[PDB]
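Chains as they are written, first to last, in the deposited numbering: chain 15, 1 to 136; chain 24, 1 to 94; chain 17, 2 to 117; chain 25, 7 to 81; chain 28, 1 to 58.
All C-beta atoms in this analysis are idealised placements derived from N, C-alpha and C, irrespective of residue type, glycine included.
Please read the structure below before turning to the comments.
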Amino acid sequence: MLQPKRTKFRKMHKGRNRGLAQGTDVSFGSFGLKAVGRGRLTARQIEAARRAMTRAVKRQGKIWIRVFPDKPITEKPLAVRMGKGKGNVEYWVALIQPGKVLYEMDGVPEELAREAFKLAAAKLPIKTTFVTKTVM
Amino acid sequence: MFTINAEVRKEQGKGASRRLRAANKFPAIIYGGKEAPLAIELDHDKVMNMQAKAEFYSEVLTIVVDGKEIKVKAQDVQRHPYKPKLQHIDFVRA
Amino acid sequence: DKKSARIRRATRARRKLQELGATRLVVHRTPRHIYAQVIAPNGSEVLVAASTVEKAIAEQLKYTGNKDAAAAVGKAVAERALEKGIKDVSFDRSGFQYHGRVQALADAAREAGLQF
Amino acid sequence: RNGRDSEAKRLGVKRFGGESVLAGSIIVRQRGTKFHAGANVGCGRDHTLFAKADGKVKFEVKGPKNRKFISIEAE
Amino acid sequence: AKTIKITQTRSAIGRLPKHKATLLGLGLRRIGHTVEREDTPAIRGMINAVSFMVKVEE
RNA sequence: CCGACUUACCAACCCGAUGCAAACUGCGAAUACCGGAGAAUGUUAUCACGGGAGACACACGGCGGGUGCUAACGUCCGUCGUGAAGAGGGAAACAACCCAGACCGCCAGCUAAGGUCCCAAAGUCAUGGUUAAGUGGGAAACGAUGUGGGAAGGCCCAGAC
RNA sequence: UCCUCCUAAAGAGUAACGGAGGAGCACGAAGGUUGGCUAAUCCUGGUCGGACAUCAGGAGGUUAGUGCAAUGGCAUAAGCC
RNA sequence: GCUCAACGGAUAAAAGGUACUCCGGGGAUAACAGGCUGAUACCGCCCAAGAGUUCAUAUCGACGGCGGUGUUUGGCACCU
RNA sequence: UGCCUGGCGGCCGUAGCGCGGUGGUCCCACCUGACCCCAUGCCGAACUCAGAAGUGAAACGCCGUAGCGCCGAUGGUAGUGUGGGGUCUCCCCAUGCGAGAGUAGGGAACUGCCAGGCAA
Ligand SMILES: [Mg+2]
Ligand SMILES: [Mg+2]
Ligand SMILES: [Mg+2]
Ligand SMILES: [Mg+2]
Ligand SMILES: [Mg+2]
Ligand SMILES: [Mg+2]
Ligand SMILES: [Mg+2]
Ligand SMILES: [Mg+2]
Ligand SMILES: [Mg+2]
Ligand SMILES: [Mg+2]
Ligand SMILES: [Mg+2]
Ligand SMILES: [Mg+2]
Ligand SMILES: [Mg+2]
Ligand SMILES: [Mg+2]
Ligand SMILES: [Mg+2]
Ligand SMILES: [Mg+2]
Ligand SMILES: [Mg+2]
Ligand SMILES: [Mg+2]
Ligand SMILES: [Mg+2]
Ligand SMILES: [Mg+2]
Ligand SMILES: [Mg+2]
Ligand SMILES: [Mg+2]
Ligand SMILES: [Mg+2]
Ligand SMILES: [Mg+2]
Ligand SMILES: [Mg+2]
Ligand SMILES: [Mg+2]
Ligand SMILES: [Mg+2]
Ligand SMILES: [Mg+2]
Ligand SMILES: [Mg+2]
Ligand SMILES: [Mg+2]
Ligand SMILES: [Mg+2]
Ligand SMILES: [Mg+2]
Ligand SMILES: [Mg+2]
Ligand SMILES: [Mg+2]
Ligand SMILES: [Mg+2]
Ligand SMILES: [Mg+2]
Ligand SMILES: [Mg+2]
Ligand SMILES: [Mg+2]
Ligand SMILES: [Mg+2]
Ligand SMILES: [Mg+2]
Ligand SMILES: [Mg+2]
Ligand SMILES: [Mg+2]
Ligand SMILES: [Mg+2]
Ligand SMILES: [Mg+2]
Ligand SMILES: [Mg+2]
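Spelled out as structure tokens, the structure:
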């Protein structure tokens, strides 16, 4: 699981997820899995969508992960009344906005990459799409 | 044969720009050289097909706006963040 | 640098002097030719300026790089400034240690009538 | 563990540009030296810029470091 | 100088404090209350502020 | 001991490329607020002093947020509206939602929201399309030669599917 | 109880058993003024000397320091003698 | 001269039990039940590595994803 | 009147660094020496004084070069005041405002008072 090594503060606000993303272009690889739907990806989902992505295009090829969680999400224990403070950080999510390239792949056939990103899209909550690296 | 048909805008800004982008017509502009930057309005469907070919961003184009031909080079383009379409193109008058 | 180090030493007394709105006597020293001039409170123009570089002063000196030459400057500035009517001025060392020629310039100006 | 905070000191710029003040009137109640003492404006031990003369406030941006200054044109 | 006419077309109940204050500044009391004011950019700015509830006629 | 070369590896700092931040800022709105001038408008709506108070359980909706599970007709604030202390028409019924502020009377008319086949006042109105599901009239990832519109392209009676 | 930042929605203020940390002093000098000076960290060289004592130069540039937590500020130095 | 630190400081000086209890109130505030919600609970679906001699989908189903119900444990205190 | 140089500013990166060329009649800096004024918590480095053979290396000034720093539109986008709408954890529509980044390009400053040198 992708987790930040010693951030400045342990717990942080909820925060709204309004707007549109910036990392929209396919930069390192040539094919991408652009996120269409707004949401939040835990470190479990990103890690799970990679194993079943780095299996379809074998030991060959290189996969880029354009996302990193860096946002702690609290979870109160069961049977605990409200109040008494902020809960305990359990997992780390990554606020995904529409147009955020989630993954990039290079070193494989386009039709193979078309099918690899079909296996990873079924492991993520947000609706995705298949985009191609454009000439400028 | 990269010859795009264009027009001259009369309205601009957030409200007037999205108003015609909802009609298969995305704006653009031709700047550079010594002339004043021309508010070029052009169709989307034709241009969306031309940019498929990689020669579009290398070969010197030709924009016939109101009869006047202008030979340019597509400088900067703004694609829709998640949809396969365009929003605006910067044409350097070369 | 030797020159820039002198400018920061002057800044303390320059900035304090314009808020007060005083007519400062800016004295510039050099291994030869000790300079001097009176500048208006606006910080832009000078009103009275006299130094050894003028032929009117250098031709009555042995060498334009010492005390008796510096004493010749202070008298000249304080006598032509008392012509324009500038009486009460301030003395700006311009970062120079008030001890030799910068001291001699004031001593010649204090006795003339230049109030400071 | 938390649950502690201070009493708001009511800082900020009291009199703004173009506002006629009196002698001694506080122009800016600040912490450090965001704004500096320009012309006809003093500076207290609290770094509080007060007006040393009647007139109007005039914020400026002088200096080789673009630091803010506050002057007063006698009006 | 020439004048202009302003007529209130909607109520002023569920409106912000600066919307009820504008109708006070124009003279409009109830809906349909016709009023006549001078045509100046001072008034033109007031009509442009509550344009959703006023129907001006030049 | 000095100390050279090499490595199925990990990698400091710089450099190019890429994202994130309530407790980051080489930038930076819209509003809001303070001051000046000007016209119109408002039964002075303004401030000060004095007599009398009540009130210091608030609620819901919008927007901006903390907390919670971006759960709660949840909890706590900013700001506005409404209720509280406001009836009336609509939302089937429904303080807090939309419209609108009841001095009284009238078997008068025009309109707001919302509606116009019958219950139940008003279009079984007009032109052009869509839908086969009673959809409209509860809901997701995902699945499918359902079906309509638009642009582009491959192959094609030198015979394609 | 008091102080600093966030929450706090670009004036001020603004809540919760919301998120982060401190104080209940110290100093006759660490105060006043006058004069002067300006760092941290690396790189190179050098007796004991070593990752790190003192010394010389360069690079760098205020990433230093500021009696003490944090924020604002500071070379015109409020930092150092 | 006061950790009058419960720090606008009730006295200079003060801890507990009550199932023997009692009075005045509160659904301003809990236990049981209802309501709102659905984290947890139960049920179903999606992708699918892999298991099943061979073979993903006879039968199961990793790593993750999306809903339903309103039986569990709870949250909220709207009703008494 | 112009090129030069020094002083005090205005404005303060279009104004600052990098690289190269270049100036010494004046001026400036370096420089020579130190009984004395004064001086270093050691030392004429600095500060100071008395002078001035030599130099333009260093320092500073000036001219070119854009290798960087920096400045920077038009257009679009993000956001947003007010009024409406929706598949209302987020958007859209009408009207007004309109960034930041990036791009064309600009760019190695501009200018005033005084005092000298100089060709006149
Ligand atoms: Mg708009
Ligand atoms: Mg608190
Ligand atoms: Mg505070
Ligand atoms: Mg309303
Ligand atoms: Mg920049
Ligand atoms: Mg505010
Ligand atoms: Mg005002
Ligand atoms: Mg007025
Ligand atoms: Mg009370
Ligand atoms: Mg209360
Ligand atoms: Mg909310
Ligand atoms: Mg509530
Ligand atoms: Mg409240
Ligand atoms: Mg009512
Ligand atoms: Mg009703
Ligand atoms: Mg209903
Ligand atoms: Mg009814
Ligand atoms: Mg009434
Ligand atoms: Mg009618
Ligand atoms: Mg209607
Ligand atoms: Mg009927
Ligand atoms: Mg009909
Ligand atoms: Mg149905
Ligand atoms: Mg208190
Ligand atoms: Mg504030
Ligand atoms: Mg101190
Ligand atoms: Mg000093
Ligand atoms: Mg060694
Ligand atoms: Mg060493
Ligand atoms: Mg001190
Ligand atoms: Mg007590
Ligand atoms: Mg108390
Ligand atoms: Mg009893
Ligand atoms: Mg009882
Ligand atoms: Mg219960
Ligand atoms: Mg097998
Ligand atoms: Mg039940
Ligand atoms: Mg229950
Ligand atoms: Mg209750
Ligand atoms: Mg409550
Ligand atoms: Mg009940
Ligand atoms: Mg040289
Ligand atoms: Mg623009
Ligand atoms: Mg929401
Ligand atoms: Mg810009």
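Residue i by DSSP, collapsed to three states: which one?
i, result
"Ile33 (chain 25)", "strand"
"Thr22 (chain 28)", "helix"
"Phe117 (chain 15)", "helix"
"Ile58 (chain 17)", "helix"
"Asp90 (chain 24)", "strand"
"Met1 (chain 24)", "coil"
"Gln97 (chain 15)", "coil"
"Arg40 (chain 15)", "strand"
"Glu59 (chain 24)", "coil"
"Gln116 (chain 17)", "strand"
"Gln22 (chain 15)", "coil"
"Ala35 (chain 15)", "strand"
"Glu25 (chain 25)", "coil"
Give me the residue from the options with the minimum Cα distance to residue i.
i, options, result
"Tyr36 (chain 17)", "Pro42 (chain 17), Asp108 (chain 17), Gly66 (chain 17), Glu84 (chain 17)", "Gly66 (chain 17)"
"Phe22 (chain 25)", "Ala57 (chain 25), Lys68 (chain 25), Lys71 (chain 25)", "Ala57 (chain 25)"
"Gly37 (chain 15)", "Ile63 (chain 15), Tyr91 (chain 15), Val108 (chain 15), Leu95 (chain 15)", "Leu95 (chain 15)"
"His34 (chain 17)", "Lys68 (chain 17), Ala14 (chain 17), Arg111 (chain 17)", "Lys68 (chain 17)"
"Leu20 (chain 15)", "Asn5 (chain 24), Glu7 (chain 24), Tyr82 (chain 24)", "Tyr82 (chain 24)"
"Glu111 (chain 15)", "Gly99 (chain 15), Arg18 (chain 15), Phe130 (chain 15), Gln97 (chain 15)", "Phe130 (chain 15)"
"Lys71 (chain 25)", "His42 (chain 25), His53 (chain 25), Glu79 (chain 25)", "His42 (chain 25)"
"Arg30 (chain 28)", "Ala12 (chain 28), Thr3 (chain 28), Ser51 (chain 28)", "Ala12 (chain 28)"
"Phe68 (chain 15)", "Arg114 (chain 15), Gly15 (chain 15), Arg50 (chain 15)", "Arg50 (chain 15)"
"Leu42 (chain 24)", "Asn24 (chain 24), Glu11 (chain 24), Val92 (chain 24)", "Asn24 (chain 24)"
"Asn88 (chain 15)", "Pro72 (chain 15), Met136 (chain 15), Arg44 (chain 15)", "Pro72 (chain 15)"
"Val74 (chain 17)", "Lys3 (chain 17), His29 (chain 17), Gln19 (chain 17), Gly22 (chain 17)", "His29 (chain 17)"
"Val50 (chain 28)", "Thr3 (chain 28), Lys20 (chain 28), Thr40 (chain 28)", "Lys20 (chain 28)"
"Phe26 (chain 24)", "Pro37 (chain 24), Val60 (chain 24), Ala36 (chain 24), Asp45 (chain 24)", "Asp45 (chain 24)"
Can you list, in chain order, the residues of its chain with a C-beta nearer than 7 Å to that of residue i? Leave out the 5 residues immediately preceding and following it.
i, result
"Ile47 (chain 28)", "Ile6, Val54, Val56"
"residue 95 (chain 24)", "Chain 24 is shown only over 1 to 94; residue 95 (chain 24) falls outside these bounds and no answer can be derived."
"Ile87 (chain 17)", "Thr24, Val39, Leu48, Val49"
"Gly39 (chain 15)", "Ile96, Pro125, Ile126"
"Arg66 (chain 15)", "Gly23, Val101, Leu102, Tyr103, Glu104"
"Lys20 (chain 25)", "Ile32, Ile33, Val34, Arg35"
"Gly30 (chain 25)", "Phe56, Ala57"
"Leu106 (chain 17)", "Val28, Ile35, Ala37, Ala71, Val74, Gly75"
CB-CB under 6 Å to residue i, same chain, minus the five flanking residues each way: which ones, in chain order?
i, result
"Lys133 (chain 15)", "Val26, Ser30"
"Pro4 (chain 15)", "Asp70"
"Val54 (chain 17)", "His34"
"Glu75 (chain 15)", "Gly87, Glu90"
"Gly22 (chain 17)", "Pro42"
To which residues of the same chain is residue i closer than 8 Å at the C-beta, ignoring the five residues directly before and after it?
i, result
"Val35 (chain 28)", "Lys5, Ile6, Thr7, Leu26, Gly27, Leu28"
"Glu25 (chain 25)", "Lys62, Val63"
"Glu66 (chain 25)", "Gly44, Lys74, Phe75, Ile76, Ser77"
"residue 139 (chain 15)", "The requested residue 139 (chain 15) is not part of the displayed model; chain 15 covers only 1 to 136."
"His80 (chain 24)", "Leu86, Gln87"
Output, in sequence order along the chain, the residues in the region 81 to 112 of chain 15 whose CB is closer than 8 Å to any CB in chain 24.
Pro98, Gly99
Go through the residues and name those whose CB comes closer than 7 Å to any heavy atom of ligand 3, in chain order.
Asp11 (chain 25), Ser12 (chain 25), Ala14 (chain 25)
Quick one: which residues of the region 19 to 43 of chain 24 get their C-beta closer than 7 Å to a C-beta of chain 15? List them in chain order.
Answer set for the region 19 to 43 of chain 24: empty.
Please list the residues of the region 15 to 26 of chain 15 that have a C-beta atom closer than 8 Å to any C-beta atom in chain 24, keeping them in chain order.
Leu20, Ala21, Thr24
Contacting positions in the region 52 to 72 of chain 24 - beta carbon closer than 7 Å to chain 15
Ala54, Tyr57
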